[PDB]
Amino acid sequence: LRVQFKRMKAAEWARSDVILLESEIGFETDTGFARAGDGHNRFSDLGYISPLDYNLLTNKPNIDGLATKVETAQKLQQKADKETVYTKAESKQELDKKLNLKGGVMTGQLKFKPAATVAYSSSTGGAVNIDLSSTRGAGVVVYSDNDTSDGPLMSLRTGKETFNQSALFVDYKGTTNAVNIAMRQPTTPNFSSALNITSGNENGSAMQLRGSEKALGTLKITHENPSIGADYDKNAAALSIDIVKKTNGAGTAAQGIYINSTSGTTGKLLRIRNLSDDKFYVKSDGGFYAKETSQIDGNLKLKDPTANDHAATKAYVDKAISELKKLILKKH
């Protein structure tokens, strides 16, 4: 028996008063689908003759192992965005412009403008502190081999007249010179000095100098003749003094050299030697001595003779004479 089932197009079914008997098959001609009547329900309400429940499907895809927008969105949210952040490269890029503690080269300038915790007294302060007590090198090497410059190598300046610290303080202990300035015979000489001092302060010596030499001078000066011409330097001196007036001045009465022992001293106050042998000096009591014949354009006020090698005085002479003339005058 070739059995054929009630049938019409889906849309036609979709509007049939036709109640399929229970378990009677009806057929959707334009789709080929079928449905079994429940004895009591319009065709468009019967379900299919076979399941359509995803659960019952063979060859299910693993949907479970697939990532979900949300899951993937949170997992992304923990991770940093390309620009919010610097490539290892831009990091170096910037880093290499910064000086390191271990050392570097400043092509630019290093201004310092200190806040001053305590300003740290005595050698654990100063904007630059340099402790070399465990190192064999220099503290601050500053040099130039330029031909001309517009400024000096180191300059110190204080602008307020109340300022009360030194510009340079040198507290030195060691076996060589505390401070050494050496100028080298130029090919080109100059008219300036190695150390030049200028003080406007009428209330304080431009340079003050104290020492406690056993066998040496507090200030020692040596003039080397710059040439081999013994007669070359006829005009150099070991020490030159000029007492002078204020530009636009009446004059000056300031003294030349002024020596003194406030404390008192047995030494020669002025001792002058040549070829390491005394030639003139002033004894501490103010007597003077000279190896060689002298001259006074002028007169010598002095005490009458007593010794034979004492100079005569008009008085002594006259009196010697006055005596002879008179004593002679057995011519009574």
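In case it trips you up, residue 1 is the first one in the sequence shown, and so on. Under this definition, the rigid core comprises the largest set of C-alpha atoms superposing within 1.5 Å between the forms.
In 4 other deposited structures of this protein, superposed on the rigid core, the segment with the larger root-mean-square CA displacement between 251-259 and 188-196 is 188-196. With 165-173 and 245-253 compared on mean CA B-factor from the PDB entry, the stretch scoring higher is 245-253. Legend: mean Cα B-factor per stretch from the PDB entry, 114-122 versus 199-207; the higher mean is in 114-122. The residue among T293, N55, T306, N299 whose C-alpha carries the highest B-factor in the deposited model is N55. Sorting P152, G139, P189, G104 by the CA temperature factor given in the entry leaves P189 at the top. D64 sits in the highest third of its chain by CA B factor, as recorded in the PDB entry. When all modelled residues of the chain are sorted by CA temperature factor, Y258 is found within the lowest third. In the deposited entry, the Cα temperature factor of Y232 places it in the middle third of its chain's modelled residues. Ranked by C-alpha B-factor against the other modelled residues of its chain, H310 falls in the middle third.
In this PDB entry, the Cα temperature factor of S91 sits in the top third of its chain's modelled residues, the highest group.
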